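The structure appears below as structure tokens.
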């Protein structure tokens, strides 16, 4: 109802958004292939009053006029696509990324999604699927009587059969790379879909072009750094208290107005 | 709006400056060739009111008149130039100073800065440079076919080539000393530039009329003492809290008056 | 340098130096956390005015 | 404070006998030259060859 109250209300909302971002980063510490979020803010509009640089007299200009500003607004939430620590789980099906590529999976809608998570399973049909059951294009079928699965650094998947001295190749895992990695839209379940700001999906083998390499028996842990989040939590709490104090001061001034 | 409020608003700012100095000193406890800061304060205005020594009668003077004072202001933060403890990290490219001299380094813009950091590297062209990539002076080039680098106590840099029993001198390292070491202007990256309060740069050889000695394989650590900074934090925190209490008492006094 | 056959070049990490550096780094980290905590107890005190 | 960089102490380490004919130790300076599957050139001091 008064300008300072709206400004403080916007500040409170921005700090609450920052706290939500921090909480989301904390909740996904144990997730594999998770990229932490960071929120960026911008300062809002300006009430002009006297224009800065307006000609006051015939020759003297007015420097730095009365630019009373409004609150703040968050522009964007950007992911930090950085290589997280690799963890050895010694599993034949878990795959980890070394570079900046993405695995391509097929949603049951029919569209293609992209995930950096490598904990793969085999379904009752023998195909490679993600832990949420999404089938991993461009599609690897594992035969029934498998003894061991070997996924090479360049993505060749081989199965050693009993009585055969040579391994049998059953597919080729490929990686999709985007010109803009932060522009992907996260749909949950560790899945990113392509938007118009995420460029176009460039499919390539792990090693050629710029896609990263595949490590078998490793999983990519999240890149969330915790102590930084604790310090950010302290800062957010104090800033939120300060904005609440501003709201209280505005309320007190309004109260002393009413009685007049 | 009231005198005590301004005075306690200067006290808060001075104590915040003291905390800033302490925190900056503690943050750089490990940087080599660091000199810790010390903030100095001085009294602000003193309102005369009744003049001290004023002639009240024709024979009786007024002793120590009503001298109501204003708050405090900090003069400056001065660098405590003392010899940091030397550490033996056993590399031929680390050199430490034993006296009160400085290394001269040529900035990219053509001017010369002065640094006491001895962690030197070699660029692709073979010149000695500071770890930030700034080339040292008066330029000491190091051949590609170098087997060992020997920097003596006099700053002579020698390089022993393959299969040759005699060393080859590749330059001479000199130290710059100033009349006033405190007046130098710190520009970051462990670099200081000359200011008119620091006199003029006197170049000297290491062991003569007052330049320090150079020890190879040694690094000069910071002179920051952690325990003293802890005690100073405990005292600055208490002073800040007490000045804030003065602010609160003034606020309460102004409340009752207005309510009247 | 010359090649020695039948031998491997082991690492150059001395454990004692690493342990003492870990101790001093822990103490420095705790000191920085302490000054962080002090700045807050100052901000909190200012807020409670 | 700002981290200027991270260096690597390129001093010669321990030389340990292994008893295999395919391990080579490089005293003083030198780097073994390798090529990966892509064709990039790499350098390594580890002489454990097979």
Test residue B:247 against the stated conditions and say whether it is within 14 Å of chain C (Cβ to nearest Cβ), surrounded by 12 or more Cβ atoms within 10 Å (Cβ to Cβ) and either in a strand (DSSP E or B) or in contact with a helix residue (DSSP H, G or I) (Cβ under 8 Å, 6 or more places away or on another chain) (or both).
yes
Those residues of region B:58-95 which are more than 30 Å from residue B:183 (Cα to Cα), touching a residue at least 60 places away in the same chain (Cβ under 8 Å) and surrounded by 14 or more Cβ atoms within 10 Å (Cβ to Cβ), in sequence order:
B:89, B:91, B:92
So, residue A:98, is that one surrounded by 14 or more Cβ atoms within 10 Å (Cβ to Cβ), under 22 Å from the mean Cα position of the chain (by Cα) and either at negative phi or free of Cβ contacts under 8 Å to residues at least 40 places away in the same chain (or both) or not?
yes
Can you confirm whether residue B:195 is closer than 22 Å to residue B:80 by Cβ, surrounded by 16 or more Cβ atoms within 10 Å (Cβ to Cβ) and out of contact with any helix residue (DSSP H, G or I) (no Cβ under 6 Å at 6 or more places or on another chain)?
no
Of the residues in region C:1-36, how many are exposed (fewer than 10 other Cβ atoms within 10 Å of the Cβ) and either within 7 Å of chain D (Cβ to nearest Cβ) or touching a residue at least 24 places away in the same chain (Cβ under 8 Å) (or both)?
2
Scanning region D:15-33 for residues that are outside any loop (DSSP other than H, G, I, E, B) and loosely packed, with under 12 Cβ neighbours inside 10 Å, which turns out nearest to the chain's Cα centre (by Cα)?
D:33
Subset of region D:5-25, residues within 17 Å of residue C:2 (Cβ to Cβ) and either touching a residue at least 40 places away in the same chain (Cβ under 8 Å) or touching a strand residue (DSSP E or B) at 6+ places or on another chain (Cβ under 6 Å) (or both), comes to D:13, D:15, D:16, D:17, D:23, D:24, D:25
Search result, residues across region B:106-146 that are touching a residue at least 24 places away in the same chain (Cβ under 8 Å), assigned to a loop (DSSP other than H, G, I, E, B) and under 19 Å from residue B:90 (Cα atoms):
B:116, B:117, B:118
Region A:52-81: number of residues that are in a loop (DSSP other than H, G, I, E, B) and at negative phi:
16
When the residues of region D:39-50 are narrowed to those that are surrounded by 10 or more Cβ atoms within 10 Å (Cβ to Cβ) and more than 7 Å from chain C (Cβ to nearest Cβ), which ends up farthest from residue A:154 (Cα to Cα)?
D:46
Pairs, first on the phi > 0 side of the Ramachandran plot in region A:1-27, second in a helix (DSSP H, G or I), C-beta under 7 Å, six or more apart:
none
Selection from region B:12-40 of residues within 12 Å of another protein chain (Cβ to nearest Cβ) and in a loop (DSSP other than H, G, I, E, B) yields B:28, B:29, B:30, B:31, B:32, B:33, B:34
More than 14 Å from every other protein chain (Cβ to nearest Cβ), surrounded by fewer than 13 Cβ atoms within 10 Å (Cβ to Cβ) and closer than 22 Å to residue A:32 by Cα, is that true of residue A:133?
yes
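Each value in this text was obtained by applying a stated rule to the coordinates, not by laboratory testing. Here the Cβ is made from the backbone with ideal geometry for all residues, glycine too, and neighbour counts use every protein chain on show.
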